[PDB]
Amino acid sequence: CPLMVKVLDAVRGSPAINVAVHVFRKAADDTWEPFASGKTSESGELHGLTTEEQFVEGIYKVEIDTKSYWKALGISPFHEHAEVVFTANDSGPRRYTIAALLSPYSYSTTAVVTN
Amino acid sequence: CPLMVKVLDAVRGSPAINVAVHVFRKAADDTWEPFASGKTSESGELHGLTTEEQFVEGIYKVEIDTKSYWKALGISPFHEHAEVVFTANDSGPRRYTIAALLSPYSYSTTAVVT
Amino acid sequence: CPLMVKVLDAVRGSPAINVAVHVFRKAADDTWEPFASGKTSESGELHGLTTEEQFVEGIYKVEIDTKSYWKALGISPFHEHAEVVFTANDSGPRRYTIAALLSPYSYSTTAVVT
Amino acid sequence: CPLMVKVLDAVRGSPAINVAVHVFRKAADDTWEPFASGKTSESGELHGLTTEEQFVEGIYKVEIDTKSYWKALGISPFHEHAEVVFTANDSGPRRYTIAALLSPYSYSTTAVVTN
Ligand SMILES: O=C(O)c1ccccc1Nc1ccccc1C(F)(F)F
């Protein structure tokens, strides 16, 4: 699993379940083309987004639909979504874990990169 | 000052100075059109981006060029930049403060609306 | 104003008002002796805790009563309080700003030293 | 595993390895008595701190020796350590995951509580 996304809820102290995640790859014409998508599981994790063969070097954007998540909980969020943009595999294949901690008016995101 | 941006450095424990910030407004055709831009001051703050008259309801994107900031410090950052996308509600007198705490592989952002 | 505290609310997107803050200094016998205290203002800030003369080198602990803050809002918090323990170096002119972003089950704290 | 601690490094984008962790329980005399201790593994995690039987209701303090961690990396940290104080099991046994994201002058901590 070269790309994994984990989302936590800072208000309820639990994984953020059923959060929609869309991944895009910057195309040759500087356009964002759909790469993969899914929803976080009961553990707040999303696996199987891509394969080592498909996950080539490039600039990727991980969009986390935080707005819909908070709306479903009856909380008016500030952000439309949380975006994480990064260059991947520019120096060989790596394993990426993109994590996000969500709050209605704030979010923190970090990345753990492994060989 | 309807919109203000503040950036901090979590590695050095100081304001993030000279950080480029670009603000965009979503156009009728779902395109991001330039709205305002500038660089954070010595206090890591950026004021005077817009006026109450110009800052109408809509979806705005604040792009913080974090990559260039870390590069200038000799640190390889993870993110290309930090983006904050939000809807300006306008309902009632409101000042928006977008703050971001930067680390090489992480960043936290919060909004203070008063 | 050598030491300043700022607290924000990540749930409501506003300053954390009326938050009790207690500052302690580690005594010669490794005990925490009261140093200063107060409550955050409408801007979520707390100034005038000490003076340059009184704020000598040493280990300080800033305790933020986060529990009471969330209780007053009807939210069951996880932490008893938020503690920030640091050493005041003094080496060179320095102002310390301790900031904390609060959520019911999480909090982030950073220090800005200028 | 009723109590687990996970520590990440926001500067290197990796788990924080070999971080000393001390857990204390507030005694009847308002004193902090040693409860358990250990060091994070290669995954930045610390398991086996206690058992369901030993982890009774009470106020616990998880002290993460962040200072030593940054010192070993040649970085002058701001905090002496990171402390997480919370009441546990006050309404029945729960599983607690205490996570911390570390930076030289900042740290974020969150808790994930499960049944
Ligand atoms: O640090 C400050 O002085 C500050 C002042 C105004 C607004 C935000 C600020 N800091 C900040 C910014 C983003 C995420 C967390 C914090 C924290 F944790 F610091 F609150």
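Structure determination for this PDB entry is given in the record as X-ray crystallography, at a resolution of 1.9 Å.

Peer 1: I'm lost on the interface of chain B and chain A in this one. Help?
Peer 2: For an interface, size is often stated in terms of accessible area lost upon the parts coming together. Every contact between the two is made by 21 residues of chain B and, on the other side, 21 residues of chain A. Together, the buried faces of chain B and chain A total about 1800 Å²; carbon and sulfur atoms form 56% of this surface. At the boundary of chain B with chain A, the tally comes to 0 salt bridges. Summed over the shared surface of chain B and chain A, the number is 15 residue pairs in polar contact. At the level of secondary structure, the elements contributing two or more residues to the side of chain B that touches chain A comprise β7 (79–88), β8 (96–103) and β9 (106–113) of chain B. Here the side of chain B that touches chain A takes 8 residues from β7 of chain B, the largest share from any one element. Class assignment of the residues belonging to the side of chain B that touches chain A gives a composition of 11 nonpolar, 7 polar and 3 charged. Two strands pair when backbone bridges link them, and strand β7 (residues 79–88) of chain A and β7 of chain B are joined in this way by 4 bridges, in the antiparallel orientation. Bridge assignment links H81 of chain A to a residue of β7 of chain B, and that residue is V85 of chain B.

Peer 1: Teacher, can you tell me more about the site of the ligand here?
Peer 2: Around the ligand, a shell composed of 13 residues is seen, among which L8 of chain B together with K6, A99, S108 and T110 of chain C lie nearest. Proximal residues around the ligand fall on chains B and C, making this an inter-chain site. In isolation the ligand exposes 430 Å². Once the protein is present, 97% of that is buried. Top element by residues in the shell around the ligand is strand β8 (residues 96–103) of chain C. It accounts for 4 residues. Looking at the shell around the ligand, its residues break down into 7 nonpolar, 4 polar and 2 charged.

Peer 1: Please clarify how the environment of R94 of chain B should be interpreted in this entry.
Peer 2: Residues and elements named next belong to chain B. Tracing the backbone through its elements, the reader meets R94 in the loop between β7 and β8. The class for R94 is partly exposed, based on a relative accessible area of 29%. With 18 residues separating them along the chain, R94 and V112 place their C-alpha atoms 9.8 Å apart. The residues touching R94, leaving out its near neighbours within four places in the chain, are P2, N89, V113 and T114.

Peer 1: What am I meant to see in the side chain of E45 of chain D here?
Peer 2: Residue and element names in this part refer to chain D. Take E45: it is sitting in strand β5 (residues 45–46). Of the residues examined, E45 reaches a relative accessible area of 18% and is grouped as buried. A distance of 3.4 Å separates the side chain of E45 from the side chain of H47, its partner in a polar contact. Look past the residues within four positions of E45 in its chain and what remains in contact with it is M4, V5, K6, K39 and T40.

Peer 1: Which parts of the structure should I look at to understand the UniProt feature "binding site: L-thyroxine" in chain B?
Peer 2: Residue and element names in this part refer to chain B. The residues that UniProt annotates with the feature "binding site: L-thyroxine" are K6, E45 and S108. Tracing the chain through its elements places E45 in strand β5 (residues 45–46). Given the relative accessible area of 18%, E45 is considered buried. Once residues lying within four places of it in the same chain are set aside, the contact partners of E45 are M4, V5, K6, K39 and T40. Within the structure, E45 has its side chain in polar contact with the side chain of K6 (distance 3.4 Å).

Peer 1: What should I look at first to understand the UniProt feature "binding site: L-thyroxine" in chain A in this one?
Peer 2: All names here are of chain A. When the UniProt feature table is mapped to this numbering, "binding site: L-thyroxine" covers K6, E45 and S108. Assignment of secondary structure puts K6 in strand β1 (residues 3–9). In this view, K6 contacts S43, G44, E45, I98, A99 and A100; residues no more than four positions away in its chain are not counted. Of the polar contacts made by the side chain of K6, one reaches the side chain of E45; its length is 3.4 Å.

Peer 1: When you look at the interface of chain B and chain D in this model, what are you seeing that I'm missing?
Peer 2: Across the contact, 9 residues belong to chain B and 9 residues belong to chain D. Across the chain B to chain D interface the summed buried area is about 700 Å²; carbon plus sulfur atoms make up 61%. For chain B, the biggest contributors to the area lost against chain D are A10, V11 and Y105 of chain B; these three give 50% of the whole. Taken together, chain B and chain D are joined by 0 salt bridges. Summed over the shared surface of chain B and chain D, the number is 3 residue pairs in polar contact. Class assignment for the residues of the side of chain B that touches chain D results in 5 nonpolar, 3 polar and 1 charged.

What counts as what
Residues numbered from 1 in each chain as written, not as in the entry; some residues may be left out. Chains lettered and ligands numbered in written order. Heavy atoms only, no water. Contact = heavy atoms within 4.5 Å. Buried area = accessible area lost by both parts, 1.4 Å probe. Salt bridge = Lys/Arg side-chain N within 4 Å of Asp/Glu carboxyl O. Polar contact = N/O pair within 3.5 Å; in protein donor to acceptor, adjacent residues only side chain to side chain. Helix = DSSP H or I, 4+ residues; strand = E, 2+ residues; numbered from the N terminus. Nonpolar A, V, L, I, M, F, W, Y, C, P; charged D, E, K, R; others polar. Pairing = 2+ DSSP bridges. Near = heavy atom within 4 Å. Areas by Shrake-Rupley, 256 points an atom, 1.4 Å probe, with all protein chains shown as cover. Buried < 20%, exposed > 50% of the residue type's maximum accessible area, 1.4 Å probe, protein only. UniProt positions renumbered as here; feature names shortened; annotations may be inferred.

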